[PDB]
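This is input33.pdb. It holds PDB, C-alpha atoms.
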```pdb
MODEL        1
ATOM      1  CA  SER A   5     -13.841 -27.851 -56.497
ATOM      2  CA  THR A   6     -16.618 -25.330 -55.861
ATOM      3  CA  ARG A   7     -19.162 -24.201 -58.435
ATOM      4  CA  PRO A   8     -20.480 -20.676 -57.741
ATOM      5  CA  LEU A   9     -23.975 -19.311 -57.210
ATOM      6  CA  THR A  10     -25.495 -15.858 -56.733
ATOM      7  CA  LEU A  11     -27.777 -15.019 -53.834
ATOM      8  CA  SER A  12     -29.441 -12.039 -55.497
ATOM      9  CA  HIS A  13     -32.097  -9.493 -54.533
ATOM     10  CA  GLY A  14     -33.050  -7.415 -57.553
ATOM     11  CA  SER A  15     -30.453  -4.753 -58.292
ATOM     12  CA  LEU A  16     -28.141  -5.739 -55.432
ATOM     13  CA  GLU A  17     -26.779  -9.282 -55.520
ATOM     14  CA  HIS A  18     -23.942 -11.323 -54.043
ATOM     15  CA  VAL A  19     -21.969 -14.294 -55.373
ATOM     16  CA  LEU A  20     -21.150 -17.354 -53.267
ATOM     17  CA  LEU A  21     -18.663 -20.109 -54.126
ATOM     18  CA  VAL A  22     -20.167 -23.299 -52.690
ATOM     19  CA  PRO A  23     -18.254 -26.602 -52.904
ATOM     20  CA  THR A  24     -19.452 -28.895 -55.665
ATOM     21  CA  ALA A  25     -20.311 -31.589 -53.104
ATOM     22  CA  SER A  26     -23.224 -29.666 -51.545
ATOM     23  CA  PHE A  27     -24.126 -27.548 -54.572
ATOM     24  CA  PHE A  28     -27.600 -29.075 -54.804
ATOM     25  CA  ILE A  29     -28.346 -28.457 -51.119
ATOM     26  CA  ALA A  30     -27.130 -24.883 -51.525
ATOM     27  CA  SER A  31     -29.230 -24.415 -54.667
ATOM     28  CA  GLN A  32     -32.435 -25.719 -53.089
ATOM     29  CA  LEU A  33     -31.902 -23.489 -50.060
ATOM     30  CA  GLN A  34     -31.232 -20.596 -52.430
ATOM     31  CA  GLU A  35     -34.477 -21.220 -54.308
ATOM     32  CA  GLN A  36     -36.411 -21.348 -51.043
ATOM     33  CA  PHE A  37     -34.717 -18.084 -50.050
ATOM     34  CA  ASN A  38     -35.769 -16.345 -53.267
ATOM     35  CA  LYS A  39     -39.234 -17.755 -52.620
ATOM     36  CA  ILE A  40     -39.445 -16.120 -49.178
ATOM     37  CA  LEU A  41     -37.757 -12.866 -50.292
ATOM     38  CA  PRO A  42     -40.022 -10.041 -51.580
ATOM     39  CA  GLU A  43     -39.664  -8.248 -54.898
ATOM     40  CA  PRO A  44     -37.029  -5.515 -54.994
ATOM     41  CA  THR A  45     -38.070  -1.866 -55.024
ATOM     42  CA  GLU A  46     -36.481   1.344 -56.225
ATOM     43  CA  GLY A  47     -34.266   2.775 -53.509
ATOM     44  CA  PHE A  48     -34.984  -0.282 -51.313
ATOM     45  CA  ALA A  49     -36.585   2.223 -48.941
ATOM     46  CA  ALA A  50     -39.199  -0.380 -47.951
ATOM     47  CA  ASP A  51     -38.960  -3.021 -45.222
ATOM     48  CA  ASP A  52     -38.308  -6.761 -45.495
ATOM     49  CA  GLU A  53     -35.897  -6.132 -48.395
ATOM     50  CA  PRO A  54     -32.104  -5.813 -48.057
ATOM     51  CA  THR A  55     -30.413  -2.612 -49.161
ATOM     52  CA  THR A  56     -26.801  -3.847 -49.307
ATOM     53  CA  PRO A  57     -25.198  -7.221 -50.075
ATOM     54  CA  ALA A  58     -24.231  -7.630 -46.412
ATOM     55  CA  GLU A  59     -27.914  -7.475 -45.493
ATOM     56  CA  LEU A  60     -28.784 -10.069 -48.144
ATOM     57  CA  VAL A  61     -26.111 -12.488 -46.953
ATOM     58  CA  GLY A  62     -27.218 -12.022 -43.350
ATOM     59  CA  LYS A  63     -30.832 -12.678 -44.312
ATOM     60  CA  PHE A  64     -29.856 -15.873 -46.118
ATOM     61  CA  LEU A  65     -27.854 -16.791 -43.037
ATOM     62  CA  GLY A  66     -30.843 -16.295 -40.756
ATOM     63  CA  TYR A  67     -33.053 -18.289 -43.097
ATOM     64  CA  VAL A  68     -30.613 -21.209 -43.068
ATOM     65  CA  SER A  69     -30.400 -20.947 -39.279
ATOM     66  CA  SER A  70     -34.195 -21.173 -39.106
ATOM     67  CA  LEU A  71     -34.015 -24.419 -41.083
ATOM     68  CA  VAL A  72     -30.864 -25.494 -39.235
ATOM     69  CA  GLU A  73     -31.773 -27.345 -36.052
ATOM     70  CA  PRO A  74     -29.191 -28.992 -33.745
ATOM     71  CA  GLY A  78     -27.563 -31.664 -39.845
ATOM     72  CA  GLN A  79     -28.813 -31.338 -43.408
ATOM     73  CA  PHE A  80     -28.016 -27.666 -44.043
ATOM     74  CA  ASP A  81     -25.304 -27.381 -41.379
ATOM     75  CA  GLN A  82     -22.359 -27.524 -43.777
ATOM     76  CA  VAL A  83     -23.753 -24.838 -46.076
ATOM     77  CA  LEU A  84     -24.595 -22.791 -42.987
ATOM     78  CA  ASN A  85     -20.945 -22.897 -41.929
ATOM     79  CA  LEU A  86     -19.689 -22.247 -45.465
ATOM     80  CA  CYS A  87     -21.799 -19.133 -45.987
ATOM     81  CA  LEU A  88     -21.097 -18.052 -42.399
ATOM     82  CA  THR A  89     -17.392 -18.097 -43.209
ATOM     83  CA  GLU A  90     -17.869 -16.354 -46.558
ATOM     84  CA  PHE A  91     -19.913 -13.569 -44.943
ATOM     85  CA  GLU A  92     -17.342 -13.183 -42.167
ATOM     86  CA  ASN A  93     -14.371 -13.079 -44.532
ATOM     87  CA  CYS A  94     -15.916 -10.618 -46.976
ATOM     88  CA  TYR A  95     -17.804  -8.284 -44.622
ATOM     89  CA  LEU A  96     -16.352  -8.905 -41.128
ATOM     90  CA  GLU A  97     -12.713  -8.071 -41.795
ATOM     91  CA  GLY A  98     -11.536  -9.370 -38.437
ATOM     92  CA  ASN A  99     -13.978  -7.000 -36.746
ATOM     93  CA  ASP A 100     -17.019  -7.401 -34.526
ATOM     94  CA  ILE A 101     -20.501  -7.655 -36.017
ATOM     95  CA  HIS A 102     -21.482  -4.460 -34.205
ATOM     96  CA  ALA A 103     -18.704  -2.633 -36.045
ATOM     97  CA  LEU A 104     -20.195  -3.839 -39.335
ATOM     98  CA  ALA A 105     -23.684  -2.733 -38.298
ATOM     99  CA  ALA A 106     -22.377   0.694 -37.308
ATOM    100  CA  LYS A 107     -20.577   0.955 -40.651
ATOM    101  CA  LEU A 108     -23.751   0.049 -42.526
ATOM    102  CA  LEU A 109     -25.724   2.681 -40.619
ATOM    103  CA  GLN A 110     -23.178   5.484 -40.914
ATOM    104  CA  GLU A 111     -22.000   5.100 -44.505
ATOM    105  CA  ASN A 112     -24.653   3.088 -46.335
ATOM    106  CA  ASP A 113     -28.323   4.098 -46.331
ATOM    107  CA  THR A 114     -29.548   1.294 -44.081
ATOM    108  CA  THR A 115     -32.224   1.625 -41.410
ATOM    109  CA  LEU A 116     -31.411   0.930 -37.777
ATOM    110  CA  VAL A 117     -34.009  -1.857 -37.798
ATOM    111  CA  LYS A 118     -32.317  -3.585 -40.730
ATOM    112  CA  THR A 119     -28.946  -3.409 -38.969
ATOM    113  CA  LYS A 120     -30.448  -4.912 -35.815
ATOM    114  CA  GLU A 121     -31.947  -7.684 -37.948
ATOM    115  CA  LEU A 122     -28.549  -8.353 -39.527
ATOM    116  CA  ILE A 123     -26.958  -8.553 -36.075
ATOM    117  CA  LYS A 124     -29.696 -10.945 -34.977
ATOM    118  CA  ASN A 125     -29.245 -13.194 -38.006
ATOM    119  CA  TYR A 126     -25.463 -13.336 -37.732
ATOM    120  CA  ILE A 127     -25.363 -13.948 -33.982
ATOM    121  CA  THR A 128     -28.112 -16.573 -33.971
ATOM    122  CA  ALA A 129     -26.384 -18.349 -36.860
ATOM    123  CA  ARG A 130     -23.021 -18.244 -35.085
ATOM    124  CA  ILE A 131     -24.545 -19.901 -32.039
ATOM    125  CA  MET A 132     -26.540 -22.397 -34.112
ATOM    126  CA  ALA A 133     -23.404 -23.449 -36.026
ATOM    127  CA  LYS A 134     -21.538 -24.610 -32.886
ATOM    128  CA  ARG A 135     -19.276 -21.552 -33.198
ATOM    129  CA  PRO A 136     -19.869 -19.708 -29.919
ATOM    130  CA  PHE A 137     -17.854 -16.673 -28.885
ATOM    131  CA  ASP A 138     -15.757 -18.633 -26.383
ATOM    132  CA  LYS A 139     -12.535 -17.251 -27.862
ATOM    133  CA  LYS A 140     -11.723 -13.963 -26.154
ATOM    134  CA  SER A 141     -12.049 -10.818 -28.243
ATOM    135  CA  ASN A 142      -9.257  -8.362 -29.014
ATOM    136  CA  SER A 143     -11.365  -5.219 -28.701
ATOM    137  CA  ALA A 144      -9.150  -2.145 -28.588
ATOM    138  CA  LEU A 145     -10.798  -0.850 -25.408
ATOM    139  CA  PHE A 146     -10.240  -3.952 -23.291
ATOM    140  CA  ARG A 147      -6.739  -4.399 -24.699
ATOM    141  CA  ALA A 148      -5.989  -0.856 -23.548
ATOM    142  CA  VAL A 149      -7.446  -1.609 -20.119
ATOM    143  CA  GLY A 150      -5.286  -4.708 -19.790
ATOM    144  CA  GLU A 151      -2.187  -2.779 -20.861
ATOM    145  CA  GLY A 152      -2.969  -0.132 -18.223
ATOM    146  CA  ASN A 153      -3.779   2.534 -20.814
ATOM    147  CA  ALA A 154      -7.436   2.856 -19.742
ATOM    148  CA  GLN A 155      -9.603   2.585 -16.624
ATOM    149  CA  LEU A 156     -13.216   1.405 -16.765
ATOM    150  CA  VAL A 157     -16.068   2.103 -14.343
ATOM    151  CA  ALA A 158     -19.571   0.736 -14.931
ATOM    152  CA  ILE A 159     -22.664   2.765 -14.032
ATOM    153  CA  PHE A 160     -26.296   1.642 -13.937
ATOM    154  CA  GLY A 161     -29.249   3.991 -14.293
ATOM    155  CA  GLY A 162     -32.697   3.752 -12.782
ATOM    156  CA  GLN A 163     -36.187   5.203 -12.990
ATOM    157  CA  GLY A 164     -37.004   8.354 -14.923
ATOM    158  CA  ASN A 165     -34.742   7.912 -17.942
ATOM    159  CA  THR A 166     -37.568   6.984 -20.322
ATOM    160  CA  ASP A 167     -41.281   6.231 -20.419
ATOM    161  CA  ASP A 168     -41.070   3.157 -22.658
ATOM    162  CA  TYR A 169     -38.309   0.984 -21.178
ATOM    163  CA  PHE A 170     -40.202  -2.223 -21.899
ATOM    164  CA  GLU A 171     -39.433  -1.518 -25.558
ATOM    165  CA  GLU A 172     -35.740  -1.734 -24.723
ATOM    166  CA  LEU A 173     -36.401  -5.032 -22.965
ATOM    167  CA  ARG A 174     -38.307  -6.211 -26.046
ATOM    168  CA  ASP A 175     -35.463  -5.359 -28.422
ATOM    169  CA  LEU A 176     -32.879  -6.930 -26.124
ATOM    170  CA  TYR A 177     -35.034 -10.072 -26.118
ATOM    171  CA  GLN A 178     -35.629 -10.169 -29.878
ATOM    172  CA  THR A 179     -32.154  -9.391 -31.212
ATOM    173  CA  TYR A 180     -30.143 -11.282 -28.573
ATOM    174  CA  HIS A 181     -32.675 -14.036 -27.882
ATOM    175  CA  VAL A 182     -29.919 -16.642 -28.137
ATOM    176  CA  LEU A 183     -27.733 -14.814 -25.575
ATOM    177  CA  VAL A 184     -30.198 -13.604 -22.937
ATOM    178  CA  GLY A 185     -33.122 -15.999 -23.343
ATOM    179  CA  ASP A 186     -32.077 -18.075 -20.344
ATOM    180  CA  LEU A 187     -31.488 -14.943 -18.270
ATOM    181  CA  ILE A 188     -34.913 -13.503 -19.063
ATOM    182  CA  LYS A 189     -36.691 -16.832 -18.568
ATOM    183  CA  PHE A 190     -35.033 -17.318 -15.182
ATOM    184  CA  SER A 191     -36.034 -13.750 -14.295
ATOM    185  CA  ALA A 192     -39.671 -14.387 -15.199
ATOM    186  CA  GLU A 193     -39.754 -17.680 -13.297
ATOM    187  CA  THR A 194     -38.237 -16.233 -10.125
ATOM    188  CA  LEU A 195     -40.505 -13.174 -10.350
ATOM    189  CA  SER A 196     -43.590 -15.388 -10.613
ATOM    190  CA  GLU A 197     -42.397 -17.491  -7.681
ATOM    191  CA  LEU A 198     -41.821 -14.357  -5.587
ATOM    192  CA  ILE A 199     -45.295 -13.107  -6.501
ATOM    193  CA  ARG A 200     -46.871 -16.404  -5.480
ATOM    194  CA  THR A 201     -44.927 -16.632  -2.211
ATOM    195  CA  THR A 202     -45.344 -12.956  -1.287
ATOM    196  CA  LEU A 203     -48.503 -12.258   0.692
ATOM    197  CA  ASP A 204     -50.071  -9.353  -1.214
ATOM    198  CA  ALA A 205     -48.061  -9.290  -4.448
ATOM    199  CA  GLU A 206     -50.952 -10.371  -6.674
ATOM    200  CA  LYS A 207     -53.026  -7.581  -5.129
ATOM    201  CA  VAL A 208     -50.526  -5.082  -6.518
ATOM    202  CA  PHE A 209     -49.968  -7.037  -9.752
ATOM    203  CA  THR A 210     -53.522  -6.606 -10.996
ATOM    204  CA  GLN A 211     -52.660  -7.542 -14.595
ATOM    205  CA  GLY A 212     -50.016 -10.157 -13.761
ATOM    206  CA  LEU A 213     -46.292 -10.352 -14.441
TER     207      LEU A 213
ENDMDL
END
```

Represent the supplied structure as structure tokens.
Amino acid sequence: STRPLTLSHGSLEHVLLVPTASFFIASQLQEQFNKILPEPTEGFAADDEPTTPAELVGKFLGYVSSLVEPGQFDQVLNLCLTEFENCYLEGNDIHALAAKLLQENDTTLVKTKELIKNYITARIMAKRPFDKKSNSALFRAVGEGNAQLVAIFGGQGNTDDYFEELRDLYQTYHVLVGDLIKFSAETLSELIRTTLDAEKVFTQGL
């Protein structure tokens, strides 16, 4: 059996059906989550507060992932992961859900990025990587011969604040590109050290 509970944030709230076996673990995690979640506001126009139930579930998911560390809360993590997927990710990619939330609902781009971050980090933390190949319409079309893809890479001049893009790509997808970025930093530092006059150019370091 599975007694239910309601992860709620003021006006907006969502109901979860946890198994009876781990109901107490779920309830303690829920109480902690209400403890770390700020009071609701009219219009939810402020930050750090969900605006739609999808956002609330994703925030709970990220909180559990923060406590989850590869056993205690693992089972509830998986259970609520599956509930969120089955209710909000109708066999569609998380990015599709984020785009839906932006376009139709009145959610900020930052909140959608945070939801993506929570869901993806939880998916990796729950031993549910994305090893299974996707069925994205575009790549299906390419395989069927319907479409042809060419990849292009830009360069200097596009923007004055590119490091912000690097920052966002690090923050949201930390669990996917952390190794890449760390290897990049390490090899860059090694090249600086081995290169004769690099440090002369790199006055403030790299």

*asked:* What's the separation between atom CA of residue 55 of chain A and atom CA of residue 37 of chain A, in Å to one decimal place?
replied: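 Between atom CA of residue 55 of chain A and atom CA of residue 37 of chain A the gap is 16.1 Å.
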
**Prompt:** Which residues come within 8 Å of residue 9 of chain A, counting only C-alpha atoms, excluding same-chain residues fewer than 5 positions away, as a PyMOL selection string?
**Reply:** chain A and resi 19-22+31

Could you write out the selected residues, including C-alpha atoms, as a PDB file, in the frame of the given file?
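Below is the file that was written, selection18.pdb:
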```
ATOM      1  CA  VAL A  19     -21.969 -14.294 -55.373  1.00  0.00           C
ATOM      2  CA  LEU A  20     -21.150 -17.354 -53.267  1.00  0.00           C
ATOM      3  CA  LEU A  21     -18.663 -20.109 -54.126  1.00  0.00           C
ATOM      4  CA  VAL A  22     -20.167 -23.299 -52.690  1.00  0.00           C
ATOM      5  CA  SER A  31     -29.230 -24.415 -54.667  1.00  0.00           C
TER       6      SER A  31
END
```

Report the closest atom pair, with its distance in Å rounded to one decimal, for each residue of segment 10-87 of chain A that has an atom no farther than 8 Å from segment 119-141 of chain A; count only C-alpha atoms, sort by chain and then rising residue number, and write it as a Markdown table.
```
| residue | atom | partner | partner_atom | distance |
| --- | --- | --- | --- | --- |
| A:59 | CA | A:122 | CA | 6.1 |
| A:62 | CA | A:122 | CA | 5.5 |
| A:63 | CA | A:125 | CA | 6.5 |
| A:65 | CA | A:125 | CA | 6.3 |
| A:66 | CA | A:125 | CA | 4.4 |
| A:69 | CA | A:129 | CA | 5.4 |
| A:72 | CA | A:132 | CA | 7.4 |
| A:73 | CA | A:132 | CA | 7.5 |
| A:74 | CA | A:132 | CA | 7.1 |
| A:81 | CA | A:133 | CA | 6.9 |
| A:84 | CA | A:133 | CA | 7.1 |
| A:85 | CA | A:133 | CA | 6.4 |
```

**Request:** I need the residue set behind the PyMOL selection byres ((chain A and resi 91) around 10) for this file; please write it as a list in words.
**Result:** residues 20, 57, 58, 61, 62, 65, 85, 86, 87, 88, 89, 90, 92, 93, 94, 95, 96, 97 and 126 of chain A

* Asked: Hey, what's within 12 Å of residue 107 of chain A if we count all atoms listed in the file and toss same-chain stuff fewer than 3 positions away? As a PyMOL selection string, please?
  -> chain A and resi 56+58+95-96+99-104+110-116+119

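One distance worth recording is that between atom CA of residue 5 of chain A and atom CA of residue 28 of chain A, which is 13.9 Å.
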
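Note on the selection: in this file the PyMOL selection byres ((chain A and resi 51) around 10) comes out as residues 42, 45, 48, 49, 50, 52, 53, 54, 55, 115, 117 and 118 of chain A.
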
From atom CA of residue 11 of chain A to atom CA of residue 34 of chain A the spacing works out at 6.7 Å

- Task: Select, counting all atoms listed in the file, all protein, DNA and RNA residues no farther than 12 Å from (-44.8, -6.6, -15.1) in file coordinates, and express the selection as a list in words.
- Result: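 I get residues 169, 170, 173, 191, 192, 195, 196, 199, 205, 206, 208, 209, 210, 211, 212 and 213 of chain A for the residues within 12 Å of that point.
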
How about completing segment 163-188 of chain A with N, CA, C and O atoms and giving it to me as a short mmCIF file (atom, residue, chain, number, x, y, z; two decimals), in the coordinates of the input?
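Output contents, as saved in selection33.cif:
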```cif
data_model
loop_
_atom_site.label_atom_id
_atom_site.label_comp_id
_atom_site.auth_asym_id
_atom_site.auth_seq_id
_atom_site.Cartn_x
_atom_site.Cartn_y
_atom_site.Cartn_z
N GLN A 163 -34.92 4.67 -12.52
CA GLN A 163 -36.19 5.20 -12.99
C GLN A 163 -36.01 6.62 -13.53
O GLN A 163 -35.09 7.35 -13.15
N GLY A 164 -36.91 7.00 -14.43
CA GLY A 164 -37.00 8.35 -14.92
C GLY A 164 -36.34 8.59 -16.26
O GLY A 164 -36.61 9.61 -16.90
N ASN A 165 -35.48 7.67 -16.71
CA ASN A 165 -34.74 7.91 -17.94
C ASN A 165 -35.66 7.93 -19.15
O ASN A 165 -35.46 8.73 -20.08
N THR A 166 -36.68 7.07 -19.17
CA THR A 166 -37.57 6.98 -20.32
C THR A 166 -38.92 6.45 -19.86
O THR A 166 -39.04 5.87 -18.78
N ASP A 167 -39.92 6.66 -20.70
CA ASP A 167 -41.28 6.23 -20.42
C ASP A 167 -41.64 4.90 -21.06
O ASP A 167 -42.76 4.42 -20.88
N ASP A 168 -40.72 4.29 -21.81
CA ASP A 168 -41.07 3.16 -22.66
C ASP A 168 -39.99 2.09 -22.58
O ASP A 168 -39.66 1.42 -23.56
N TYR A 169 -39.44 1.89 -21.37
CA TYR A 169 -38.31 0.98 -21.18
C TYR A 169 -38.62 -0.44 -21.63
O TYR A 169 -37.71 -1.17 -22.07
N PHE A 170 -39.87 -0.87 -21.50
CA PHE A 170 -40.20 -2.22 -21.90
C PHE A 170 -39.89 -2.45 -23.37
O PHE A 170 -39.66 -3.58 -23.79
N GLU A 171 -39.87 -1.38 -24.17
CA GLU A 171 -39.43 -1.52 -25.56
C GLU A 171 -37.97 -1.91 -25.63
O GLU A 171 -37.58 -2.73 -26.47
N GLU A 172 -37.14 -1.33 -24.77
CA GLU A 172 -35.74 -1.73 -24.72
C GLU A 172 -35.62 -3.19 -24.30
O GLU A 172 -34.81 -3.94 -24.87
N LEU A 173 -36.42 -3.62 -23.33
CA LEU A 173 -36.40 -5.03 -22.96
C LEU A 173 -36.82 -5.90 -24.14
O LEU A 173 -36.24 -6.96 -24.39
N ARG A 174 -37.83 -5.46 -24.89
CA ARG A 174 -38.31 -6.21 -26.05
C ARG A 174 -37.21 -6.37 -27.09
O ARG A 174 -37.00 -7.46 -27.62
N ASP A 175 -36.53 -5.27 -27.43
CA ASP A 175 -35.46 -5.36 -28.42
C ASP A 175 -34.33 -6.25 -27.93
O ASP A 175 -33.81 -7.08 -28.69
N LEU A 176 -33.95 -6.10 -26.67
CA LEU A 176 -32.88 -6.93 -26.12
C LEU A 176 -33.27 -8.40 -26.13
O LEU A 176 -32.41 -9.28 -26.23
N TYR A 177 -34.57 -8.69 -26.02
CA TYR A 177 -35.03 -10.07 -26.12
C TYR A 177 -35.03 -10.57 -27.56
O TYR A 177 -34.64 -11.72 -27.82
N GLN A 178 -35.47 -9.74 -28.49
CA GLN A 178 -35.63 -10.17 -29.88
C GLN A 178 -34.28 -10.35 -30.56
O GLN A 178 -34.00 -11.40 -31.15
N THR A 179 -33.42 -9.34 -30.49
CA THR A 179 -32.15 -9.39 -31.21
C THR A 179 -31.20 -10.41 -30.60
O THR A 179 -30.57 -11.19 -31.31
N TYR A 180 -31.09 -10.42 -29.27
CA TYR A 180 -30.14 -11.28 -28.57
C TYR A 180 -30.83 -12.46 -27.90
O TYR A 180 -30.36 -12.94 -26.86
N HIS A 181 -31.93 -12.94 -28.48
CA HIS A 181 -32.67 -14.04 -27.88
C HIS A 181 -31.74 -15.17 -27.49
O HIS A 181 -31.85 -15.73 -26.39
N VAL A 182 -30.79 -15.50 -28.36
CA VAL A 182 -29.92 -16.64 -28.14
C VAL A 182 -28.86 -16.38 -27.08
O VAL A 182 -28.19 -17.32 -26.64
N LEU A 183 -28.70 -15.13 -26.63
CA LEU A 183 -27.73 -14.81 -25.58
C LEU A 183 -28.36 -14.55 -24.22
O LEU A 183 -27.74 -14.83 -23.20
N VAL A 184 -29.57 -13.99 -24.19
CA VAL A 184 -30.20 -13.60 -22.94
C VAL A 184 -31.54 -14.30 -22.72
O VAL A 184 -32.28 -13.93 -21.80
N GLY A 185 -31.87 -15.30 -23.54
CA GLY A 185 -33.12 -16.00 -23.34
C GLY A 185 -33.18 -16.70 -22.00
O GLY A 185 -34.18 -16.61 -21.29
N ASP A 186 -32.11 -17.40 -21.64
CA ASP A 186 -32.08 -18.08 -20.34
C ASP A 186 -32.17 -17.08 -19.20
O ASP A 186 -32.88 -17.30 -18.22
N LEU A 187 -31.44 -15.96 -19.31
CA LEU A 187 -31.49 -14.94 -18.27
C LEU A 187 -32.91 -14.43 -18.08
O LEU A 187 -33.42 -14.39 -16.95
N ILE A 188 -33.57 -14.07 -19.17
CA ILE A 188 -34.91 -13.50 -19.06
C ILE A 188 -35.90 -14.54 -18.55
O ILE A 188 -36.79 -14.23 -17.76
#
```
